[PDB]
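Below, each chain spelled out in residue letters.
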Amino acid sequence: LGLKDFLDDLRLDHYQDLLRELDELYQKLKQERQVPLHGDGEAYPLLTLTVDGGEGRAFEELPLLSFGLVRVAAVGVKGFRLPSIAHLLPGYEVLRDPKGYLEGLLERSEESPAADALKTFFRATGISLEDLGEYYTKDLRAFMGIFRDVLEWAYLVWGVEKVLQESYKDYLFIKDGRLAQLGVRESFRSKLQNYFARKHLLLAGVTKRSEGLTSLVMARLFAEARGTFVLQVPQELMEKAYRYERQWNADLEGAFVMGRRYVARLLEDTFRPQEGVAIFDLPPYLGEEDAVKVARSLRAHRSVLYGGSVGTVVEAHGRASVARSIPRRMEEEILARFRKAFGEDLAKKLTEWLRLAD
Amino acid sequence: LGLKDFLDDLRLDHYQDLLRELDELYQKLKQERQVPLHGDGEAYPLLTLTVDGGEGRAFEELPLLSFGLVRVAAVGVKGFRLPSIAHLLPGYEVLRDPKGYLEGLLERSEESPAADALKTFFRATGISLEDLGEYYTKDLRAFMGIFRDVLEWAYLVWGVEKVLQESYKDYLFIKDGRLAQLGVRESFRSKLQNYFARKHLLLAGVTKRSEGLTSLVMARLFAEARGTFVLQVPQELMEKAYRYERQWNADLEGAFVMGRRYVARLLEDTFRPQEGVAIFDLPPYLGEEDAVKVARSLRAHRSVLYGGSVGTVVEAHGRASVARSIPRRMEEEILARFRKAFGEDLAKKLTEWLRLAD
Amino acid sequence: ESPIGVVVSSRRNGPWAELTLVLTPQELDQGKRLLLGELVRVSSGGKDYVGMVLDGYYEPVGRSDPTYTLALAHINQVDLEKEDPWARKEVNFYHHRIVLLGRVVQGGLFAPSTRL
Amino acid sequence: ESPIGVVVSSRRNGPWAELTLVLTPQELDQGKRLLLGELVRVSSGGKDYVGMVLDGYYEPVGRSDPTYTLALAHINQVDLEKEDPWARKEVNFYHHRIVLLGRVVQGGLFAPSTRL
Amino acid sequence: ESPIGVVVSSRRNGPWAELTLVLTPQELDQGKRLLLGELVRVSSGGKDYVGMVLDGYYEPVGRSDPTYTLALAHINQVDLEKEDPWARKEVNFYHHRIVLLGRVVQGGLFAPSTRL
Amino acid sequence: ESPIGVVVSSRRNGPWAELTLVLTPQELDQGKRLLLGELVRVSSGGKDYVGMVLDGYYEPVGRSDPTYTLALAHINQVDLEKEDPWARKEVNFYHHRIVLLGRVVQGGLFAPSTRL
């Protein structure tokens, strides 16, 4: 093989420099205050929201001949749930005209729950399309993520203001991700904060793992500390994490969490260093007691599936997932409808192109 | 799996104009000379270049606890090769704070082969670190990509300077990938172009497929194509491909091939639509006769290993690849070396950190 | 009155035609079970065959790791009957194998085995 | 007056030649079945053979998880036929085995088996 | 009074019913073992059966390569019990096989084997 | 006077050497075939042998799913010899197995089997 080729001028000093910041951060974490959970408490129901999807065959490399997919599903305590919003993304139209599709989707408001939710969210939060900036129009890859994030927020707000207008106030809403929106103007974040602030809505976002350095050091801390407990993440640790994440993926600039991070260990015993640890964020109008109650509810609603999970999160994700044969069946359905709408002579060429295109 | 959530109001009207433009492009391609390419004849030898590099485990998640690999190998004829360069990009070092690593490596007193190649390339071509721009300092991924591309260019120039002073004029240099530089200044591109024009170097870039390639419409019209032939991609196809690339990927401002592009068909029976087709580009200072000579050489060096590959390209790639045992052995050897230079408890602390995560 | 489980396979094994059955977590928790050697009724296309439960075993369903899940839940003393409905529902399944013996026809004549 | 299914394999198993047959969801819904031991006609390159259905079994076609799909549909009380026609079109398959006894020769003697 | 291990399978093997048992690293460290041929009591749905340890073997649990892990630890002179507690906490598993002989019923009788 | 197929394997099966043969789709469409028990000539290192065709079977070549491809084509009712040549060209393969009896030497004397 010849591994000696990379063994020319090995350097070993950056490791010495690195083994000072981690030590300092560990010492800082040792200075925190731990709030244990004694297998009890005053908890209230949860309501998780998540968005999933996939892509059609060859869409990644030849999007002008394929399509996209997005589905949103939610599950809450007592077996309650909201209707699922789904949408199909035409690769060709979006590729050839960014912003030429979102406006039409907003205007239709005829039968698509996605368009209905977008209209409802915009009209309710007073958010303007100029706020989203040019990040989603930079290219298709950015636009897809922007659309998915906006649709997640729109589903949350639309459900809140359409289905649960008086019974929504007793539920803890869970988000499958950090409480941060990246790639949009600060107007969007300010409007979201105000809407969740005036409403006093109980919202807590679960990040799981994507958190790298934070989990690295928190597992070490748990190696010494014992029991189920929670502790606020130090501000210096959060700032260093943001600096590292920015220096790694500049596109993530501005995605700071609108709140503070808490870490609660859900499982007393585990077979691996980083199992049964929950990282969640809270809105600025939530205090230490609110964080304690959120941690207690999460611990009560824990699961042992994926090395310790919040349970409702995994159930909602499983419900909202997209079948891997769904893209193929959708492609066949699209071809059938194209035939039945335009004619038969115009489908043979499309099928031949598809056959010649892997 | 709960289909029909995507079937509501498909709105597939655009497929009509999609296929219309596809048929127009096929019609345009129809009128291109397909010179017969029967193998027997005279041709140049080849000197392929290929770059590759592995990575440590969880490089993306924690690039501050891993490293990087970048290797370049050139294969000539049968055993007429040149020394292979190996470089180790530390995760923490300057990857966490660029703008200093390049200067340090250029001023490397030890003068490792990679640094020597970089210095020789800069000196010969007259391209300073200023013309590179600030893209390579935007983030770690951009720095890695720009470093890989510039290292391959430096390897090519260093080989053409220090190992082939005279015979380099009777060699058909084949460079993997399209002839283009992305994320570098037009000044850098023009410097490379004019240096190549002055050197009168025999060059051609060979690619199979993804990035975005609508030029693979060649798959159609290959039926009853009468075996091999040489063709030049139409300007309409080139413009459409460039526009689609800049629409989808973005940041592909520099992707235009520094010259014209020819598409060939090495084989005559493939079992699949897109086998045995080579897309090789040429610099502006090479005429159709040079294109024919290069096509004959490529046909002479044809293979069937990967479904009609150029043979020498795959041979070079095999010798320039990186396995996983190499990163693992590098990890263990660097861990061992750390002890001699910096205590023992520090090494044990680092080992405990590694055990606790990645 | 209602089906016991969901049939998920069928085949011919030697001279007898068999078909696998799966009992879901909901049915297993309601307390429904099949006794080895029992006689049951199989409906297929308007005809009523006769079956005899032969075998019974445990096999994972879907993408799951019952061994790891159960071990991890055990070390933490998690009462699956009260704390982890999702893990219980993911790992609670059971398979049975049934053989068709014939079918009563007309005034009572019993036609052995089957060809369909 | 058209093929019952699609042939997807062939082989020589001992002194006899077999060939696998697959019944698609359309033919299964229309009501077309094959009784074990039935005699069928096999055409291969313009010649007519005589075949006998030997076996029959269920096997997934493509990248599918019939057990998971059926179990989930049963759990959610989802009636496949009326509610998820797209989910009943990817598990509704069935395989068969056929053996070529020989070729009938006009004005001559039945030619046993086959060397082709 | 506490259960020994965690049952992670069950099936009818020939004329006898049997189930698989796993001893977690914690239990192994505490010194809990099972002797081949030993008699144990199995509780299942409000009934008490009589079991008998039949087999014993080592098999990996989860996503791990115990051979590679142990070989590397031995090579690097690492003492797993002290220096690397986490490496020893994912390979210290052990399996067992238990057969249900019957169950004691009423006032001194014994119903052999089992159908559930 | 051109090779019928391409040899793609070989081994020492008991006391007789053997090698596998593959018929490509182009040859299969031209009409070439091999009859079981046929005698064929094998060239290897400048020496001609005498081989007998022993067995024949269908096995996929490359990364393909012949079952799914053919079933989908049948469902969509597309003639597989006039509409989708690129799909008919990747499933039309077929394997043969051949045994080397020996080679003739000198004045017609038969050298049995082969040590090479």
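It should be noted that the structure appears before, not after, this text.
Trainee: Explain the overall build of chain A residue by residue, including any values.
Mentor: Counting secondary structure elements, chain A contains 13 helices and nine strands. In terms of its C-alpha atoms, chain A occupies a principal-axis envelope of roughly 75 × 70 × 40 Å.

Trainee: Explain the overall build of chain C residue by residue, including any values.
Mentor: Looking only at helices and strands, one finds three helices and seven strands in chain C. From first element to last, N terminus to C terminus, chain C shows the α and β order β-β-β-α-β-β-α-α-β-β. The C-alpha atoms of chain C give a radius of gyration of 18 Å, which is well past the 13 Å a tight globule of 116 residues would have. Taking the principal axes of the C-alpha coordinates as reference, chain C spans close to 60 × 30 × 25 Å. A buried classification covers 47% of the 116 residues belonging to chain C. Of the contacts made within chain C by residues no fewer than 6 positions apart, 57% connect residues no fewer than 24 positions apart. Total accessible area on chain C is roughly 6300 Å²; 51% of this is exposed by carbon and sulfur atoms.

Trainee: Residues and numbers for the sheet that holds strand β6 (residues 203-207) of chain B, please.
Mentor: Residue and element names in this part refer to chain B. Sheet architecture is open: nine strands sit in the order β1-β7-β8-β9-β6-β5-β2-β3-β4, paired in mixed fashion. At either margin of the open sheet sits one strand with a lone partner, and together these are β1 (35-36) and β4 (82-90). Where strand β8 (residues 261-265) meets strand β9 (residues 277-281), five bridges bridge the pair, whose relative direction is antiparallel. By the bridge assignment for β9, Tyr262 is matched with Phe280.

Trainee: So what's going on with the interface of chain F and chain A? Residues and values would help.
Mentor: Each partner contributes residues to the interface: chain F has five residues there, and chain A has five residues. Of the roughly 360 Å² buried between chain F and chain A, counting both surfaces, carbon and sulfur atoms make up 46%. Among the residues of chain F in contact with chain A, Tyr68, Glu83 and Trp86 of chain F are the three that bury the most area, contributing 67% of the side total. Joining chain F to chain A, the criterion identifies zero salt bridges. Scanning the region where chain F abuts chain A turns up two residue pairs in polar contact. Partitioned by chemical class, the residues of the side of chain F that touches chain A number three nonpolar, no polar and two charged.

Trainee: Any details on unusual backbone geometry? Residues and values, ideally.
Mentor: Note: most peptide bonds trans; most residues except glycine with negative phi. All names here are of chain C. In the Ramachandran plot, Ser113 falls in the positive-phi region, its phi being about 50° despite a non-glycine side chain. Along the chain, the position of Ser113 falls in the segment after β7 (109-112). A relative accessible area of 19% places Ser113 in the buried class.

Trainee: Lay out the arrangement of the chains with the relevant residues and their values.
Mentor: The interface with the highest contact count, out of eleven pairs of chains in contact, is the one between chains A and B. With respect to C-alpha atoms, chain E approaches chain F no nearer than 28 Å, and the pair has no contact.

Trainee: Requested: an account of a nonpolar patch on the surface, with residues and values cited.
Mentor: Taken together, the side chains of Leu1 of chain B together with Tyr68 and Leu72 of chain D present a nonpolar region at the surface, about 240 Å² in accessible area. Relative to the assigned elements, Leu1 of chain B resides in the segment before α1 (15-30). When its relative accessible area of 33% is taken as the criterion, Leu1 of chain B is described as partly exposed.

Trainee: Requested: an account of the interface of chain B and chain A, with residues and values cited.
Mentor: Each partner contributes to the interface: chain B provides 77 residues, whereas chain A provides 81 residues. Residue assignment for the side of chain B that touches chain A shows that the elements contributing at least two residues are α1, β3 (67-76), β4, α4 (140-162), α6 (235-248), α9 (325-341) and α10 (345-356) of chain B.

Trainee: Summarise the pairing of strand β3 (residues 39-44) of chain F; cite the residues concerned and give the values.
Mentor: All names here are of chain F. As paired strands, β3 and strand β4 (residues 47-57) are joined by six bridges and run antiparallel to one another. Looking at β4, one finds that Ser44 is bridged to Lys47. Connecting the antiparallel pair β3 and β4 is a turn made up of two residues, with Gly45 showing a positive phi of about 65°.

Trainee: Explain the sheet that holds strand β3 (residues 67-76) of chain A residue by residue, including any values.
Mentor: Residue and element names in this part refer to chain A. Reading across from one edge, β1-β7-β8-β9-β6-β5-β2-β3-β4 is the order of the nine strands in this open sheet, with mixed pairing throughout. At either margin of the open sheet sits one strand with a lone partner, and together these are β1 (35-36) and β4 (85-90). Contacts between helix α10 (residues 288-300) and the sheet are confined to β1, β2 (46-52), β5 (172-176), β6 (203-206), β7 (229-232), β8 (260-265) and β9 (277-282), with β9 contributing the most and set at about 140° to the helix.

Trainee: Tell me about the relation of the copies chain B and chain A, and please be specific about residues and values.
Mentor: The operation relating chain B to chain A is a screw motion whose rotation component is 180°, with 0.1 Å of axial translation and a residual RMSD of 1.1 Å. Taken together, the rotation and translation relating the two chain copies correspond to the operation of a two-fold axis. Within chain B, the C-alpha atom positioned nearest to the axis of rotation is that of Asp251 of chain B, 6.7 Å from it. The fraction of interface residues of chain B whose copies in chain A are also interface residues reaches 94%, indicating that both copies meet through the same surface.

Trainee: Give a detailed account of a negative patch on the surface, specifying residues and quantitative values.
Mentor: There is a patch of like negative charges on the surface, built from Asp8 of chain A together with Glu107, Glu110 and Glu111 of chain B. Relative to the helices and strands, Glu110 of chain B resides in the loop between α2 (101-106) and α3 (113-125). Assessed through its relative accessible area of 56%, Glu110 of chain B is described here as exposed.

Trainee: Quick one: what's the story with helix α2 (residues 66-75) of chain D, residue by residue and with numbers?
Mentor: Those residues of α2 of chain D not exposed but buried are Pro66, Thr69, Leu70, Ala71 and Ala73 of chain D. Next to the buried residues of α2 of chain D lie β1 (6-7) of chain C together with α3 (80-83) of chain D. One or two positions beyond α2 of chain D, positive phi appears at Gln77 of chain D, with a value near 55°.

Trainee: Please give an account of the side chain of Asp52 of chain A that cites residues and values.
Mentor: Residues and elements named next belong to chain A. For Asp52, the location among the structural elements is in strand β2. No salt bridge forms around the buried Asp52; measuring N to O, its nearest opposite-charge neighbour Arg148 is 7.3 Å away. A polar side-chain atom of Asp52 sits 2.6 Å from a polar atom in the side chain of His317. Residues within four places of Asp52 in sequence aside, it is in contact with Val70, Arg71, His317, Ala320 and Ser321.

Trainee: Before we move on, can you summarise the nonpolar core with the specific residues and values?
Mentor: Residues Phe121 and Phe173 of chain A are the most contacted members of the largest nonpolar core, which totals 98 residues. Per-element tally for this core: the top contributor is helix α6 (residues 140-162) of chain A, with 15 residues. In this structure, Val94, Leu105, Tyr242 and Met258 of chain B belong to the second largest nonpolar core, which totals 56 residues.

Trainee: Talk me through the packing of aromatic side chains; I want residue IDs and the actual numbers.
Mentor: By the definition in use, this model includes 26 aromatic pairs over all chains. With a centroid separation of 5.5 Å and an interplanar angle of 40°, the aromatic rings of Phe121 of chain A and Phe122 of chain A are classed as tilted. Residue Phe122 of chain A is classed as buried on the basis of its relative accessible area of 8%. An aromatic cluster is built from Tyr15 of chain A together with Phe338 and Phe342 of chain B, whose rings are joined through pairwise contacts. In this structure, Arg220 of chain A is placed above the aromatic ring of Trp353 of chain B, and the distance from its NZ or CZ to the ring centre is 5.1 Å. A cation sits over an aromatic face here: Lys89 of chain F above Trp86 of chain F, 3.8 Å from the ring centre.

Trainee: Which residues make up the pairing of strand β7 (residues 229-232) of chain B, and what values go with them?
Mentor: All names here are of chain B. With two bridges connecting them, β1 and β7 associate as antiparallel partners. Within β7, the residue paired with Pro36 across the bridge is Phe229. Across three bridges, β7 lies against β8 in antiparallel orientation. Paired with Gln232 across the bridge in β8 is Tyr262.

Trainee: Help me get a handle on the packing of helix α4 (residues 113-125) of chain A against helix α7 (residues 186-198) of chain A, residues and values and all.
Mentor: Residue and element names in this part refer to chain A. Between α4 and α7, the least distance of the axes is 10 Å, while the angle of their chain directions is 80°. Comparing their axes, α7 and α4 come out roughly perpendicular. Each of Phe121, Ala124 and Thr125 in α4 lies in contact with α7, whose residues at this interface are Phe188, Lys191, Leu192, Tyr195 and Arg198.

Thresholds, definitions, all that
- Sequence positions in this view are assigned from 1 along each chain in the order the sequence is written. Entry numbering can differ, and residues without coordinates are absent from the display.
- Chain labels run from A onward and ligand labels from 1 onward, assigned in the order the entries are written.
- What you see is one piece of a larger assembly, and the values refer to that piece, not the whole.
- As a convention, hydrogens and water are excluded, and side-chain values are obtained from all of the structure's heavy atoms.
- Residues with missing side-chain atoms are left out of burial classes, side-chain pairs and their counts.
- The secondary structure listing takes helices from DSSP runs of H or I that are at least 4 residues long and strands from runs of E that are at least 2 residues long, numbered from the N terminus.
- Radius of gyration: C-alpha atoms only; globule rule: 2.2 Å multiplied by the number of residues to the exponent 0.38.
- Buried means the residue's accessible area, taken with a 1.4 Å probe over protein chains only, is under 20% of the maximum for its type, while exposed means over 50%, and partly exposed covers the values in between.
- In this analysis, two residues are considered to be in contact whenever any of their non-hydrogen atoms come within 4.5 Å of each other.
- Using the Shrake-Rupley algorithm and a 1.4 Å probe, accessible areas are obtained, with residue cover drawn only from the displayed protein chains.
- Strands qualify as paired when DSSP identifies two bridges or more between them.
- Buried area is understood as the total, over both parts, of accessible area removed when two parts are fitted together, assessed with a 1.4 Å probe.
- Any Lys or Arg side-chain nitrogen located within 4 Å of an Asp or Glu carboxyl oxygen qualifies as a salt bridge.
- Two N or O atoms count as a polar contact when they lie within 3.5 Å, although within protein this holds only if one can serve as hydrogen donor and the other as acceptor, and sequence-adjacent residues are included solely when both atoms are side-chain atoms.
- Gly is placed with the polar residues, together with every amino acid not listed as nonpolar (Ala, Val, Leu, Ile, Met, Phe, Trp, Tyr, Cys and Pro) or charged (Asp, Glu, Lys and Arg).
- Here the term patch refers to residues with relative accessible area over 30% and no salt bridge, with like charges joined within 9 Å and nonpolar side chains (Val, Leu, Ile, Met, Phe, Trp, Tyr) within 5 Å.
- Axes, fitted as lines to C-alpha atoms, cover a helix only where it is in contact. Angles between the N-to-C directions of the axes lie from 0 to 180 degrees.
- The superposition method for the copies is least squares, with the C-alpha atoms as the fitted set.
- Counted as positive: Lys and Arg. Counted as negative: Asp and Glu, with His and the chain ends omitted from the count.
- Note that the charge is assigned to NZ on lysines, CZ on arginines, CG on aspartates and CD on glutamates.
- Joining through side-chain atoms within 4.5 Å is the link that ties buried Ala, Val, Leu, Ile, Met, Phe, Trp, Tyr and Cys residues into a set, and such a set is a nonpolar core.
- Stacked, tilted and edge-to-face are the three classes applied to pairs of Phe, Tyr and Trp rings, where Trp contributes its six-membered ring and a pair requires centres within 6.5 Å; stacked means planes under 30 degrees apart, edge-to-face means over 60, and tilted covers the rest.
- A ring is considered to have a charge above it if a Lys NZ or an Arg CZ atom is located within 6 Å of its centre and within 35 degrees of its normal.
- Just so you know how the angles are binned, under 35 degrees is roughly parallel, over 145 roughly antiparallel, 65 to 115 roughly perpendicular, and the rest oblique.

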